[PDB]
Structures are given as structure tokens and as C-alpha cells.
Visitor: 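One structure, as C-alpha cells, below. Some questions next.
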Amino acid sequence: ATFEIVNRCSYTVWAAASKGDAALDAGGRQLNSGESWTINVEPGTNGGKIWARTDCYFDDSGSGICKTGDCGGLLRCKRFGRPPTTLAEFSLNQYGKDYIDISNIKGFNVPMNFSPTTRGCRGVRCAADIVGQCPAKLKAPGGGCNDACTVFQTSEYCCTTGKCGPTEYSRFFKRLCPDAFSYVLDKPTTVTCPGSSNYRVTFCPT
């Protein structure tokens with residue numbers, strides 16, 4: 001499957017693509033404002049994620065640091081990124097279908113649209129100014145809006161027991177972005193697409 005990753009932000013981002021235990025494609029690349037990077041994701045990929053990283057520095061070997069979404073200091077991510085990260089999440093060719101969503105469960109750093117480029121389903125979008133409106137207690141000093149689990153480490157926020165409800169913090173994410181997950185047990189906003197669809201992830205869609 002192809003994923004065209006497009007940076008419409010006015011700032012550079014470093015795109016990242018991983019399934020947690022391995023890179024997807026090259027795993028990461030710089031995207032200056034307006035640039036597009038097309039990756040190939042193996043069919044059957046389960047639990048893939050794409051995100052943006054901000055304010056990154058890499059040496060000639062591809063080692064460094066990002067303020068948001070850092071994946072073990074690598075340009076080419078092999079693992080998931082450090083919150084806060086708005087997440088484009090996907091599982092492909094799962095009993096003949098693809099499943100896509102956006103999640104704010106690991107916080108928000110950059111607004112995102114995640115849409116098919118092929119027929120048969122709709123896209124999802126989280127493009128509100130979550131950083132600007134972020135509750136004081138969730139503001140990440142390194143940049144972005146943390147989720148409550150990252151900040152407070154409670155069973156309730158982290159859904160450790162598989163019993164948890166919405167919270168004042170999850171309702172903030174859900175108010176600003178109804179079509180993204182706001183907490184682990186949120187009413188799903190997953191979209192079912194035909195198996196082997198292709199996609200575009202657009203940072204800063206509006």
C-alpha cells in the first residue's frame with residue numbers, strides 16, 4: 001500500500017512511520033513545508049502508525065533529538081515516538097479490510113488529515129488548534145499538548161484495568177476533535193476501508 005505523506009504546515013516536520021517493533025519503509029524523513037514523501041507499507045501490516053516530529057536535529061549518521069515524537073533519537077524510526085504525538089493509525093488486510101483512525105490518546109502535536117486516495121470509504125481529520133487551546137496542566141514544555149495518561153500516570157487515564165471512563169481531559173480532546181480517539185475506551189471512530197486501499201496523510205490540512 002502507498003501512503004503519500006504531505007507537509008502542508010508552514011514549518012518543517014520529520015515524518016515517522018513504524019509498527020512498534022520495526023520501521024515502515026525507511027521509517028522517517030525530513031519534510032520541508034509543502035514537501036510530499038510517498039512510502040510503501042507491506043500488505044497485512046497490523047498496528048502501523050504515522051506521525052510528525054517537530055524541532056529535530058540529526059547528525060550525519062541520522063542520530064539526534066526531536067522535541068515532539070522522538071523515536072529513540074533516530075531519523076529513521078524503528079519504534080513509536082515520544083508523546084505528544086497526533087497519530088494516524090492503521091491495520092491493513094485484516095480479514096479482507098483495512099481499518100484507519102486518528103488518535104489523541106498519546107496527545108497532540110500537529111494537526112492531521114488521514115484519508116484514502118482510492119474508493120470506498122471516507123477520511124478522518126483532527127485539525128483544530130489543540131496546542132493553542134490546550135489545558136494548562138497538559139501543556140508540554142517541549143511543545144504540544146500531552147494526554148492525561150502521560151502527565152499523571154493513573155489507572156483511570158491510562159485504562160490500565162480496561163475499566164475507565166471519559167475524563168475532563170479526554171473531553172477536551174474530544175470537543176476539539178470529535179473524529180479522533182480521546183481515551184482508550186472512547187466510542188470508536190475507526191473507518192473500514194476496502195483491503196489494500198491507498199492513503200494520504202496531510203499535516204496541517206487547513
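One is the number of the first residue; the rest follow in order along the sequence. Every heavy atom of this structure was used, including side-chain atoms; hydrogens, water molecules and symmetry mates were not.
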Visitor: Determine yes or no for a side-chain-to-main-chain donor-acceptor pair under 3.5 angstrom, with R171 supplying the side chain and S182 the backbone.
Guide: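 A pair under 3.5 Å: no.
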Visitor: Describe, in one word, how the ring planes of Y157 and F152 are oriented to each other, choosing from parallel (under 30°), tilted (30 to 60°) and perpendicular (over 60°).
Guide: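 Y157 vs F152 ring planes: tilted.
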Visitor: Answer yes or no: is there a side-chain heavy-atom contact under 4.5 Å between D98 and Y199?
Guide: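 Yes, their side chains come closer than 4.5 Å.
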Visitor: Check whether the SG atoms of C9 and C204 are less than 2.5 Å apart, and answer yes or no.
Guide: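 Yes, because the SG atoms of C9 and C204 sit under 2.5 Å apart, which meets the disulfide cut-off.
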Visitor: Pairs under 3.5 angstrom only: tabulate donor-acceptor contacts from the side chains of residues 120-141 to other protein residues two or more places apart or in another chain.
Guide:
unit_1 : atom_1 : unit_2 : atom_2 : d
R125   : NE     : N113   : OD1    : 2.9
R125   : NH2    : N113   : OD1    : 3.3
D129   : OD1    : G132   : N      : 3.0

Visitor: Stepwise, does the side chain to side chain donor-acceptor pair (under 3.5 Å) test hold for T54 with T68?
Guide: CA-CA 5 Å; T54 64; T68 66; 2.7 Å; yes
Visitor: Taking the side chain as every heavy atom from C-beta outward, state whether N32 and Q30 have any pair of such atoms under 4.5 Å apart.
Guide: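 SC-SC contact between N32 and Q30 confirmed.
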Visitor: Take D101 and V191 through the side-chain contact (heavy atoms from CB on, under 4.5 Å) test and state the conclusion after the steps.
Guide: CA-CA 6 Å; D101 69 78; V191 175; over 6 Å; no
Visitor: Within the distance-only criterion (no hydrogens, no angle test), does the side chain of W14 pair as donor or acceptor with the backbone N or O of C66 below 3.5 angstrom?
Guide: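 Checked: no pair found.
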Visitor: Looking at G47, is its backbone amide N or carbonyl O close enough to the side chain of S91 to form a donor-acceptor pair, meaning the two atoms are under 3.5 Å apart?
Guide: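 The answer is yes, because a donor-acceptor pair under 3.5 Å joins these two groups.
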Visitor: State whether the side chain of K174 and the backbone N or O of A180 hold a donor-acceptor pair below 3.5 Å, judged by distance alone.
Guide: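 Yes; at least one donor-acceptor contact below 3.5 Å.
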Visitor: Does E42 CD have over 12 foreign heavy atoms under 6.0 Å away?
Guide: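 Open: at most 12 neighbouring heavy atoms sit under 6.0 Å from CD of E42.
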Visitor: With side chain to side chain donor-acceptor pair (under 3.5 Å) as the test, would you mind laying out the steps for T85 and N109 before giving the verdict?
Guide: CA-CA 5 Å; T85 54; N109 63 336; 5.8 Å; no
Visitor: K49: what forms a salt bridge (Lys or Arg N to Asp or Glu O under 4.0 Å) with it, not counting sequence neighbours?
Guide: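 Here the qualifying residues are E89.
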Visitor: Between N93 and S196, is the side chain to side chain donor-acceptor pair (under 3.5 Å) condition met? List the steps.
Guide: CA-CA 6 Å; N93 312 101; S196 297; 2.9 Å; yes
Visitor: Using 0.5 Å steps for rounding, measure from the CG atom of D70 to the CD1 atom of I65.
Guide: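 It comes to 6.0 Å.
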Visitor: Could you tell me if the side chain of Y99 sits less than 4.5 Å from the side chain of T192, heavy atoms only?
Guide: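 Of all side-chain heavy-atom pairs linking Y99 with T192, at least one is under 4.5 Å.
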Visitor: Could you tell me whether the side chain of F181 reaches within less than 4.5 Å of the side chain of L87, counting heavy atoms only?
Guide: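 Answer no - side chains too far apart.
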Visitor: Using modelled atom types only, decide if a donor and an acceptor are shared between the side chain of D59 and the backbone of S63 within a distance under 3.5 Å.
Guide: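 Yes, because the side chain of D59 sits within donor-acceptor range (under 3.5 Å) of the backbone of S63.
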Visitor: Which distance, rounded to the nearest 0.5 Å, do you find between the NZ of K106 and the CG of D147?
Guide: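 Rounded to the nearest 0.5 Å, the NZ-CG separation comes to 6.0 Å.
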Visitor: Under the salt bridge (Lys or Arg N to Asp or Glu O under 4.0 Å) rule, collect the residues that match up with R76, sequence neighbours excluded.
Guide: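 Once residues adjacent in sequence are excluded, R76 has no partner under the salt bridge (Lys or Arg N to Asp or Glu O under 4.0 Å) criterion.
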Visitor: Check for a donor-acceptor pair, side chain of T118 on one end and backbone N or O of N198 on the other, with a separation under 3.5 Å.
Guide: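 The answer is yes, because a donor-acceptor pair under 3.5 Å joins these two groups.
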Visitor: Rounded to the nearest 0.5 Å, what's the gap from CZ on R79 to OG on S18? Could you check?
Guide: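 Here the rounded value is 8.0 Å.
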Visitor: Counting heavy atoms not belonging to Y11, are there more than 12 under 6.0 Å from its OH?
Guide: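 Counting other residues, nucleotides and ligands, OH of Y11 exceeds 12 neighbours.
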Visitor: Quick check: does any side chain N or O of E35 sit under 3.5 Å from a backbone N or O of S33, one acting as donor and the other as acceptor?
Guide: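 No, because the side chain of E35 does not come within donor-acceptor range (under 3.5 Å) of the backbone of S33.
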